[PDB]
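For reference, the structure is listed below as structure tokens.
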Amino acid sequence: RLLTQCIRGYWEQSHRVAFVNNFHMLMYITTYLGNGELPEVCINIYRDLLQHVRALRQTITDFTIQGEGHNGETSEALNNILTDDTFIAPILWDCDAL
Amino acid sequence: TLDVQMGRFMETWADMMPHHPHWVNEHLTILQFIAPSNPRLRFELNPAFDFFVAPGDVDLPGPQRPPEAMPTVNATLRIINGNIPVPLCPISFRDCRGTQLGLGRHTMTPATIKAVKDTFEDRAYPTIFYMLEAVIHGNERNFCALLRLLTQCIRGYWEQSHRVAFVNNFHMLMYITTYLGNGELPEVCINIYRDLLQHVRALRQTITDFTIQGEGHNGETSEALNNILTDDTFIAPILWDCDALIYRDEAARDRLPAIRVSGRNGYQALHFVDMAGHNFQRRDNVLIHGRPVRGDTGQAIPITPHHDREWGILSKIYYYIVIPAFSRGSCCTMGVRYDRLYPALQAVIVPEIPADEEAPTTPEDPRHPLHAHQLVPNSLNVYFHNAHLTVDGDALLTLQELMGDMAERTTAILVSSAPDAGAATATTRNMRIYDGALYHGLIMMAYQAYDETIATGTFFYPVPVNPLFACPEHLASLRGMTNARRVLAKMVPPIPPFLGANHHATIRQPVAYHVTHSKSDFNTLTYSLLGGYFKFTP
Amino acid sequence: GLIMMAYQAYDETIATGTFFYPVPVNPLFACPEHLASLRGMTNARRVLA
Amino acid sequence: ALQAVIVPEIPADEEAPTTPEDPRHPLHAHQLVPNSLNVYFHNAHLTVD
Amino acid sequence: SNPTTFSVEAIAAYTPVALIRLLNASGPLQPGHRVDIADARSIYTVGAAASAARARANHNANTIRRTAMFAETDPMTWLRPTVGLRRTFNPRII
Amino acid sequence: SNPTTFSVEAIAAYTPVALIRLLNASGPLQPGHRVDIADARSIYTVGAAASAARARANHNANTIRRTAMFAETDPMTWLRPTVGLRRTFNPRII
């Protein structure tokens, strides 16, 4: 309730998007606050940002050749870095990356 | 019960694969396909045939575990001319051909394109629509009983996100267009539905235009002899009624048919199942036809098909053109868990209104079913309030009038036939075609892996049969999926062998590669996909 | 006589061919899908029409 | 099939109903009997007096 | 209703079950005891459905009874063509 | 609460801290006395949180109790699926 009211207050006062900061914020906003609790324009912005992230991931997938993995490492991680599990995010909230 | 079978398939498939398949490598360009290091190049000889390696002395279909055999080379017929591999017939050529077909034909206005793309793209799509589509299951006397609740739910979903609901099934769009089209729904929604239906009929007219009638051989019409979307032998990926199987059985009659519905050959078609004899754990080959409305059910009365033959043509056109051209290989065909679903559908908490009183409308007063007082844990109103929709008491109470007709469980149907009289040669009759479908199954639009309010695999489990409807990410909903299973399923589309394989199916891998790796438009893609589905029979 | 704009065969709230029956006279006003409202319609006559 | 109207006997010194939410209207569910013209007009969602 | 006596869940349990708005399933159980079980499952379901159709009971003084759905006999049809109601109105009758 | 006697800050101070909406801190101090100090800080914090959880006291006549949140057992799950409330409603019971 507090998150919904705060984002609605920040949006219909300056037409700017709140909480675009953390990655573990727009997953949660898109999954939970996407069924109609927010105005139509905000959830479209969050869904479009998520669309662009997944489009970049799909672009990484197209430019590699699968099926050639060496020593327990997939080919997509062996081609790119953003799919390489050794390289970690600049900030961490939960220990799953380690 | 289609869960043990899928689990056995994955547990066998974990170590079944020692190398990458030769029919997946369709990302090659022309100069790499022509290059002498290509191992597939020796097996590409005749443009209307696919040559592969097959087990010897094996009578298809065989047992669950393939017997050891000496490998021999078996051929099969390329029914589609778009089944010619993508390095030989390029994507850009198919797009230009589709532009040539759709020159003066009907196109969709960009509003419908944007709304339907936003619906197929919606990862926060409410599952209430999925359960209602699974439970209504495309029956006229069952859909029209819930007209008010469907109207309220569609109006609630549209005037909060500007997205068009229930565009999943084909016995949902046609019913909405026929019944809820006189003005109950707002002006913009029915325009989008009517534009989709008009585009489907324009594709049908395009199929009719590019053929020459008056040439029917062995009781097979010219349309089915030229095209596939007008072929009665080929069936829709999801069957809701047994009418398509009836038309398949009486239409072919000379090309040798066969059907396998959960074990033994043949179907039974016993309709009108109720609370008396539902029997969720049923094992035999019976299929629930649903209640006919123009007559009496009876027991000795044979099954009469619900709709005209044109409904099947529109169904195949929709499911094989419009859904792939918009979804682009993200949607996955699945069966539901009815025995896990109906006990969750009996829990409504509609209160007892006093007499000589008016029904509440807004959810602010206590008498509303969606108010905070009535939101008990594990009910149906928590399911509705998760989707943030507003419904009335009678709209929730019409499920009792629904409940007299039900569906038992989903099942896997594998039909097969000889090639038609157009290409029936004494050596071509042995090369049979095997394709599959789900009775009483669904498709979700895109899969949400992080919605933890509903536990994964509670209602729907992934069982894909089409290369167009393969799903690399939906397999997390299956019980017992590891990282290795995901990484082996990422490169190969998982199609189980009890639903037909790629080299024996009708719709093959190059059509899926064309639909998932083309970025042209949404009208030109549809006309290119129609121009693909033209037979290469002489 | 009347002219209808487009025939619907999937609206079951009115029985088929209750008030109108197809009797077309023009090549312009021919109707392949309106013949489902005549009593005694089969597959052969439909595909021949 | 046209002789069956369910227009109610409106009392004198009372105003004619326009919206269909009141029981005095012909298209209210109280005055919506099967097999009449009221079901024909309500199937098309058109409001008349 | 008695003596059977009351569903405590248990696997016995009793087949109707004529309650409504039950906060009894969840609720404690807590959990099920050392009984074999198979069914249970459908017995509860057909019990609950008939215990909600019986929990209608009233809301029929608000009806506006059931209608003919589509156009069908209606055993005369020689004076009066049948037309069914599409139930998109609000049945409240007041 | 008594006899300890009352947090005058000081560093003793007294660990609950059973006051509400205190304008005690700012407020005069003015400032703290000649003591060692480090904690203080933790003892204040655990007391302040407890003196807000206790300062709820009422407003549970307005709940609308907390629920299962997410989908989890719910110790049967063999006759009914489990789905929790996503709290976006206004809990007031009135």
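Residues are referred to by chain and number: the chain letter is A, B, ... according to the order shown in the structure tokens, the number counts from 1 in that chain, and ligands are numbered separately from 1 in the order shown.
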Item to check | Contact set, chain F to chain A: 9 Å, only C-alpha atoms, as a ChimeraX atom specification | outcome: /F:86-90
Next on the checklist: Can you pull out the residues contacting residue 29 (chain F)? Cut-off 10 Å, using only C-alpha atoms, and skip same-chain residues under 3 positions away; I want them as a VMD selection string.
Outcome noted: chain F and resid 8 to 10 24 to 26 32 to 33
Go ahead and write the selection's residues with N, CA, C and O atoms as a short mmCIF file (atom, residue, chain, number, x, y, z; two decimals), in the first residue's frame.
data_model
loop_
_atom_site.label_atom_id
_atom_site.label_comp_id
_atom_site.auth_asym_id
_atom_site.auth_seq_id
_atom_site.Cartn_x
_atom_site.Cartn_y
_atom_site.Cartn_z
N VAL F 8 16.50 9.52 31.26
CA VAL F 8 16.81 10.94 31.37
C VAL F 8 18.04 11.20 30.51
O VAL F 8 18.46 12.36 30.34
N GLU F 9 18.60 10.13 29.93
CA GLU F 9 19.67 10.13 28.93
C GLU F 9 20.89 10.98 29.34
O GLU F 9 21.14 12.02 28.72
N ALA F 10 21.70 10.58 30.35
CA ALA F 10 22.08 9.22 30.86
C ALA F 10 22.36 8.12 29.82
O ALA F 10 22.21 8.31 28.61
N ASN F 24 10.58 13.79 23.61
CA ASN F 24 11.40 13.76 24.82
C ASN F 24 12.82 13.97 24.32
O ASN F 24 13.59 14.71 24.94
N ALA F 25 13.17 13.33 23.21
CA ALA F 25 14.50 13.45 22.63
C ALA F 25 14.75 14.87 22.14
O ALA F 25 15.76 15.48 22.51
N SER F 26 13.83 15.43 21.36
CA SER F 26 14.09 16.76 20.85
C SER F 26 12.87 17.67 20.91
O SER F 26 12.13 17.77 19.93
N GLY F 32 24.04 15.19 26.72
CA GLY F 32 24.33 14.07 27.59
C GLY F 32 25.43 14.33 28.60
O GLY F 32 26.26 15.23 28.42
N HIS F 33 25.45 13.54 29.68
CA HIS F 33 26.34 13.78 30.81
C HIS F 33 27.74 13.23 30.57
O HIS F 33 28.10 12.88 29.44
#
Checklist entry - Counting only C-alpha atoms, what is within 9 Å of residue 47 (chain D), bar same-chain residues fewer than 5 positions away, as a PyMOL selection string? => result chain D and resi 18-20+27+41-42
Take the residues from that selection and put them in a file with N, CA and C atoms, as an mmCIF file, in the first residue's frame.
data_model
loop_
_atom_site.group_PDB
_atom_site.id
_atom_site.type_symbol
_atom_site.label_atom_id
_atom_site.label_comp_id
_atom_site.auth_asym_id
_atom_site.auth_seq_id
_atom_site.Cartn_x
_atom_site.Cartn_y
_atom_site.Cartn_z
ATOM 1 N N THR D 18 -37.813 6.125 -18.815
ATOM 2 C CA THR D 18 -36.847 6.198 -19.907
ATOM 3 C C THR D 18 -35.703 5.207 -19.717
ATOM 4 N N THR D 19 -34.993 5.304 -18.600
ATOM 5 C CA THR D 19 -33.928 4.359 -18.305
ATOM 6 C C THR D 19 -34.524 2.991 -17.966
ATOM 7 N N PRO D 20 -33.846 1.895 -18.311
ATOM 8 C CA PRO D 20 -34.411 0.563 -18.071
ATOM 9 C C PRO D 20 -34.143 -0.017 -16.691
ATOM 10 N N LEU D 27 -38.183 -2.871 -20.907
ATOM 11 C CA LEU D 27 -36.991 -3.699 -21.036
ATOM 12 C C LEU D 27 -36.372 -4.088 -19.702
ATOM 13 N N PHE D 41 -35.687 -6.901 -28.726
ATOM 14 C CA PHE D 41 -34.995 -5.629 -28.577
ATOM 15 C C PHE D 41 -33.858 -5.721 -27.570
ATOM 16 N N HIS D 42 -34.002 -6.553 -26.536
ATOM 17 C CA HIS D 42 -32.944 -6.705 -25.547
ATOM 18 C C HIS D 42 -31.803 -7.576 -26.051
#
Checklist entry - Quick one: residues within 10 Å of residue 34 (chain C), only C-alpha atoms counted, chain neighbours fewer than 2 positions away excluded, as a list in words? => result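 These residues fall inside the cut-off: residues 4, 6, 7, 8, 9, 17, 21, 22, 23, 24, 30, 31, 32, 36, 37 and 38 of chain C.
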Just write the chosen residues, N, CA, C and O atoms, as a CSV table (one decimal), in the first residue's frame.
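Output below, filename result19.csv:
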chain,number,residue,atom,x,y,z
C,4,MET,N,-29.6,-9.0,-47.0
C,4,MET,CA,-28.8,-8.9,-45.7
C,4,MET,C,-27.4,-8.7,-46.1
C,4,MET,O,-26.9,-9.2,-47.1
C,6,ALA,N,-24.4,-9.4,-44.3
C,6,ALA,CA,-23.6,-10.6,-44.1
C,6,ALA,C,-24.3,-11.6,-43.2
C,6,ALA,O,-25.0,-11.3,-42.3
C,7,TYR,N,-24.1,-12.9,-43.6
C,7,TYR,CA,-24.8,-14.0,-42.9
C,7,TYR,C,-23.9,-14.4,-41.7
C,7,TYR,O,-22.7,-14.5,-41.8
C,8,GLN,N,-24.6,-14.7,-40.6
C,8,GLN,CA,-23.9,-15.3,-39.4
C,8,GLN,C,-24.6,-16.7,-39.2
C,8,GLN,O,-25.8,-16.8,-39.1
C,9,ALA,N,-23.7,-17.7,-39.1
C,9,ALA,CA,-24.2,-19.1,-38.9
C,9,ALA,C,-23.9,-19.5,-37.4
C,9,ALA,O,-24.2,-20.7,-37.1
C,17,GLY,N,-32.8,-20.1,-40.3
C,17,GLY,CA,-33.8,-19.9,-41.3
C,17,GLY,C,-35.2,-19.8,-40.8
C,17,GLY,O,-36.1,-20.4,-41.4
C,21,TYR,N,-35.3,-17.0,-46.1
C,21,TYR,CA,-34.7,-18.1,-46.8
C,21,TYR,C,-34.0,-17.6,-48.1
C,21,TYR,O,-34.6,-16.7,-48.7
C,22,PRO,N,-32.9,-18.1,-48.4
C,22,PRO,CA,-32.1,-17.5,-49.6
C,22,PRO,C,-32.8,-17.9,-50.9
C,22,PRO,O,-33.0,-19.1,-51.2
C,23,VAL,N,-33.1,-16.9,-51.7
C,23,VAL,CA,-33.5,-17.1,-53.1
C,23,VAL,C,-32.9,-16.0,-53.9
C,23,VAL,O,-33.5,-15.0,-54.3
C,24,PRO,N,-31.6,-16.1,-54.3
C,24,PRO,CA,-30.8,-15.0,-54.9
C,24,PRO,C,-31.1,-15.0,-56.4
C,24,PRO,O,-30.9,-16.0,-57.1
C,30,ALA,N,-25.2,-13.3,-55.6
C,30,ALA,CA,-25.0,-14.7,-55.2
C,30,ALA,C,-24.4,-14.7,-53.8
C,30,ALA,O,-23.8,-13.8,-53.3
C,31,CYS,N,-24.6,-15.9,-53.2
C,31,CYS,CA,-24.3,-16.0,-51.8
C,31,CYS,C,-23.9,-17.5,-51.4
C,31,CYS,O,-24.8,-18.3,-51.3
C,32,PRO,N,-22.6,-17.8,-51.3
C,32,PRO,CA,-22.2,-19.1,-51.0
C,32,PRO,C,-22.5,-19.5,-49.5
C,32,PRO,O,-22.8,-20.6,-49.2
C,36,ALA,N,-26.7,-21.9,-45.9
C,36,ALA,CA,-26.8,-22.8,-44.8
C,36,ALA,C,-28.2,-22.6,-44.0
C,36,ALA,O,-28.5,-23.4,-43.1
C,37,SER,N,-29.0,-21.6,-44.4
C,37,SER,CA,-30.3,-21.4,-43.8
C,37,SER,C,-31.4,-22.1,-44.6
C,37,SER,O,-32.6,-22.0,-44.1
C,38,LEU,N,-31.1,-22.9,-45.6
C,38,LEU,CA,-32.1,-23.7,-46.2
C,38,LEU,C,-32.2,-25.1,-45.5
C,38,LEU,O,-31.1,-25.6,-45.2
Next on the checklist: So that I can check the surroundings of residue 11 (chain C), please list as a count of residues only every protein, DNA and RNA residue that reaches within 9 Å of it, counting only C-alpha atoms and ignoring chain neighbours fewer than 6 positions away.
Outcome noted: 3
Checklist entry - Which polymer residues have any atom within 8 Å of an atom of region 32-35 of chain D, counting only C-alpha atoms, with same-chain residues fewer than 5 positions away left out, as number ranges by chain? => result D: 1, 4, 6, 26-27; E: 67-68, 80-85
Next on the checklist: Going by DSSP on the backbone, which residues of chain C come out as alpha helix (DSSP H)? List them as a list in words.
Outcome noted: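 Alpha helix (DSSP H) members of chain C, listed: residues 43, 44, 45, 46, 47 and 48 of chain C.
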Next on the checklist: Residues within 10 Å of residue 43 (chain F), please, as a count of residues only. Count only C-alpha atoms; anything in the same chain fewer than 6 positions from it doesn't count.
Outcome noted: 7
With chain E as the partner and 7 Å as the cut-off, tabulate the residues of chain F that qualify, each row holding the nearest pair of atoms and their distance in Å to one decimal, using only C-alpha atoms, sorted by chain and rising number, as a Markdown table.
| residue | atom | partner | partner_atom | distance |
| --- | --- | --- | --- | --- |
| F:74 | CA | E:26 | CA | 6.9 |
| F:75 | CA | E:31 | CA | 5.5 |
| F:76 | CA | E:31 | CA | 6.1 |
| F:79 | CA | E:41 | CA | 5.8 |
Kindly export the residues of the current selection with N, CA, C and O atoms, as a CSV table (one decimal), in the first residue's frame.
chain,number,residue,atom,x,y,z
F,74,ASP,N,-0.2,-24.3,5.1
F,74,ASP,CA,-1.6,-24.7,4.8
F,74,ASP,C,-1.5,-26.3,4.7
F,74,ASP,O,-1.5,-26.9,3.7
F,75,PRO,N,-1.5,-26.9,5.9
F,75,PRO,CA,-1.0,-28.2,6.1
F,75,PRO,C,-1.8,-29.4,5.4
F,75,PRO,O,-1.4,-30.5,5.6
F,76,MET,N,-2.9,-29.1,4.7
F,76,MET,CA,-3.4,-30.2,4.0
F,76,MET,C,-2.9,-30.2,2.5
F,76,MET,O,-2.2,-31.1,2.1
F,79,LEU,N,-6.9,-31.2,-0.8
F,79,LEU,CA,-8.3,-31.1,-1.2
F,79,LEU,C,-8.6,-29.6,-1.6
F,79,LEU,O,-9.7,-29.3,-2.0
Checklist entry - Mind listing as a list in words which residues of chain C are within 12 Å of chain B, counting only C-alpha atoms? => result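 Therefore, the residues near the partner are residues 7, 8, 9, 10, 11, 12, 13, 14, 15, 16, 33, 36, 41, 42, 43, 44, 46, 47, 48 and 49 of chain C.
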Only N, CA, C and O atoms, please: the residues just picked out, written as a short mmCIF file (atom, residue, chain, number, x, y, z; two decimals), in the first residue's frame.
data_model
loop_
_atom_site.label_atom_id
_atom_site.label_comp_id
_atom_site.auth_asym_id
_atom_site.auth_seq_id
_atom_site.Cartn_x
_atom_site.Cartn_y
_atom_site.Cartn_z
N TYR C 7 -24.10 -12.89 -43.57
CA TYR C 7 -24.77 -13.98 -42.88
C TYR C 7 -23.92 -14.41 -41.69
O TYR C 7 -22.69 -14.48 -41.79
N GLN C 8 -24.58 -14.71 -40.58
CA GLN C 8 -23.95 -15.30 -39.41
C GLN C 8 -24.56 -16.68 -39.19
O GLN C 8 -25.78 -16.82 -39.14
N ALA C 9 -23.71 -17.70 -39.10
CA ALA C 9 -24.17 -19.05 -38.86
C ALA C 9 -23.89 -19.52 -37.44
O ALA C 9 -24.23 -20.65 -37.09
N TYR C 10 -23.28 -18.67 -36.62
CA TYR C 10 -22.87 -19.05 -35.27
C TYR C 10 -23.61 -18.28 -34.20
O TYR C 10 -23.14 -18.22 -33.05
N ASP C 11 -24.74 -17.67 -34.53
CA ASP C 11 -25.62 -17.03 -33.56
C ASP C 11 -26.81 -17.96 -33.33
O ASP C 11 -27.71 -18.04 -34.17
N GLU C 12 -26.81 -18.65 -32.20
CA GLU C 12 -27.81 -19.67 -31.93
C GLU C 12 -29.03 -19.16 -31.19
O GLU C 12 -29.91 -19.95 -30.85
N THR C 13 -29.11 -17.85 -30.93
CA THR C 13 -30.26 -17.33 -30.19
C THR C 13 -31.50 -17.19 -31.07
O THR C 13 -32.58 -16.91 -30.55
N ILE C 14 -31.36 -17.36 -32.38
CA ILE C 14 -32.48 -17.45 -33.31
C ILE C 14 -32.24 -18.68 -34.18
O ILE C 14 -31.14 -18.87 -34.70
N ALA C 15 -33.27 -19.52 -34.32
CA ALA C 15 -33.14 -20.76 -35.06
C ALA C 15 -32.85 -20.49 -36.53
O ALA C 15 -33.26 -19.47 -37.07
N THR C 16 -32.13 -21.42 -37.16
CA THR C 16 -31.59 -21.18 -38.49
C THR C 16 -32.69 -21.17 -39.54
O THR C 16 -33.44 -22.14 -39.68
N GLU C 33 -22.38 -18.50 -48.63
CA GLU C 33 -22.52 -18.77 -47.21
C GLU C 33 -23.93 -18.54 -46.68
O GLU C 33 -24.20 -18.82 -45.51
N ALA C 36 -26.74 -21.95 -45.94
CA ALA C 36 -26.85 -22.78 -44.75
C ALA C 36 -28.19 -22.60 -44.04
O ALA C 36 -28.49 -23.37 -43.12
N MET C 41 -29.53 -29.04 -46.18
CA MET C 41 -28.27 -28.61 -46.78
C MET C 41 -27.16 -29.57 -46.36
O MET C 41 -27.02 -29.89 -45.18
N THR C 42 -26.38 -30.03 -47.34
CA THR C 42 -25.34 -31.02 -47.12
C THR C 42 -23.98 -30.44 -47.48
O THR C 42 -23.82 -29.23 -47.70
N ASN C 43 -22.99 -31.33 -47.53
CA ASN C 43 -21.63 -30.92 -47.85
C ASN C 43 -21.43 -30.83 -49.36
O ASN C 43 -20.75 -29.92 -49.86
N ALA C 44 -22.04 -31.76 -50.11
CA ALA C 44 -21.85 -31.81 -51.56
C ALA C 44 -22.44 -30.59 -52.25
O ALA C 44 -21.80 -29.98 -53.11
N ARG C 46 -23.05 -27.73 -50.84
CA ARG C 46 -22.31 -26.56 -50.38
C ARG C 46 -21.01 -26.38 -51.16
O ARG C 46 -20.67 -25.27 -51.57
N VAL C 47 -20.28 -27.47 -51.39
CA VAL C 47 -19.02 -27.33 -52.12
C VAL C 47 -19.29 -27.14 -53.61
O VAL C 47 -18.46 -26.56 -54.33
N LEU C 48 -20.45 -27.57 -54.11
CA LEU C 48 -20.77 -27.31 -55.50
C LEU C 48 -21.28 -25.88 -55.69
O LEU C 48 -21.19 -25.32 -56.78
N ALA C 49 -21.82 -25.28 -54.63
CA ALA C 49 -22.20 -23.87 -54.68
C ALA C 49 -21.04 -22.94 -54.35
O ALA C 49 -21.13 -21.74 -54.62
#
Checklist entry - If we count only C-alpha atoms, which residues of chain B reach to within 9 Å of chain D? Please list them as number ranges by chain. => result B: 179, 181-184
Checklist outcome for this item: Taken to one decimal, the CA of residue 270 (chain B)-CA of residue 304 (chain B) distance is 11.4 Å
Item to check | CA of residue 62 (chain E) to CA of residue 30 (chain D), straight-line distance in Å | outcome: 10.6 Å
Checklist entry - What are the residues of chain B that have an atom within 6 Å of an atom of chain E, counting only C-alpha atoms, as a list in words? => result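 Residues of chain B within 6 Å of chain E, counting only C-alpha atoms: residues 147, 148, 343 and 356 of chain B.
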Mind dumping the selected residues with C-alpha atoms as a PDB file, in the first residue's frame?
ATOM      1  CA  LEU B 147     -22.403 -13.835 -20.095  1.00  0.00           C
ATOM      2  CA  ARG B 148     -22.629 -11.251 -17.309  1.00  0.00           C
ATOM      3  CA  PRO B 343     -12.050 -27.760  -5.647  1.00  0.00           C
ATOM      4  CA  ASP B 356     -36.178  -5.487  -0.523  1.00  0.00           C
TER       5      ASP B 356
END
